[PDB]
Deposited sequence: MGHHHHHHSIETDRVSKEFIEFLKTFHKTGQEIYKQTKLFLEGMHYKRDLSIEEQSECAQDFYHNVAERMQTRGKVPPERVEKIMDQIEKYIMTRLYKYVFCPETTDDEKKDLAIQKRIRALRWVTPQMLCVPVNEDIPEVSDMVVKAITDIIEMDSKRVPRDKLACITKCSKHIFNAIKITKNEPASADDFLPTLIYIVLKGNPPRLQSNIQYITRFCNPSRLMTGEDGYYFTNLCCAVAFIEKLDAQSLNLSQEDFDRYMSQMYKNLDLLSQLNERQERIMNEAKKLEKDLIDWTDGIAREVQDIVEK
């Protein structure tokens, strides 16, 4: 599939002939090296980046996450009070949203690419937004989202979580972290787990913070082009 995608330019087929793979076999036998190498490979080189990720992840630590598990089955005593979460699981429709928010986050570890783990953790976030929205009959507020997410990680135990989150950070293309969700939902997961070991509001507010200025940035990045053209586009009418 990656071969058929690369074929149909031929410079992408030169990337098919290029394969960093032998260099990976060399440097990764002694962990932080392969992260910088993959990031360098991505920096040197358009959806073919996701296809190269799709290949390299399918082919190419991952242990000791227990500390979370013991701490989660610990935190079993925690009720949606003091998480102040807007989720009322009595109504069937939200209980069904919660269940498959969890089902998603479980499904993550099973996944192929880091990006496909990212796809999972969006849908988890989306179902969380649904659980909240159906509860209060009103769209979730950003301050609501983060706690509710932990609650989904706090009950139900995704196989090998910290393994997953370190693996995604290691390689996936940080063209990720700019505008778009899967990485905003990601950084929310990080904030979630990091919080779990004993403020929340700060973590929510800070995520809102960064996400906005990145929205505004990708706007101004455009309006520059819009203005540039609009004036050039028009200086030459007459």
{"property": "Segments lacking C-alpha coordinates (deposited sequence numbering, starting at 1)", "result": "1 to 17, 26, 38 to 39, 51, 67 to 81, 97 to 107, 246 to 267, 308 to 310"}
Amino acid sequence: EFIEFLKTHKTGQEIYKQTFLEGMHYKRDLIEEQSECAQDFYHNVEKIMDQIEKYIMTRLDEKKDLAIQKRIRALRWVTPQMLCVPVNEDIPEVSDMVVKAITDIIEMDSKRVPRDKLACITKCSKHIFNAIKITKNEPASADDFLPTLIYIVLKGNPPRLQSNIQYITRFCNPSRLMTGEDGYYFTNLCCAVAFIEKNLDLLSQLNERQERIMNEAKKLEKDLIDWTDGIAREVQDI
From here on, numbers count along this sequence of modelled residues.
| property | result |
| --- | --- |
| Of 9 to 17 and 226 to 234, the one with larger mean CA B-factor | 9 to 17 |
| Comparing 168 to 176 with 200 to 208, the one whose average Cα B-factor in the PDB entry is higher | 168 to 176 |
| Per the PDB entry, maximal CA B factor within 60, 190, 213, 30 | 30 |
| Lowest, middle or highest third - CA B-factor, residue 103 | lowest |
| For residue 55, the third of its chain into which the C-alpha B factor falls | highest |
| Position of residue 114 among the chain's modelled residues by C-alpha B-factor, lowest, middle or highest third | highest |
| Modelled-residue ranking by C-alpha temperature factor, third containing residue 186 | lowest |
| Third of the chain's Cα B-factor distribution that residue 97 belongs to, per the entry | lowest |
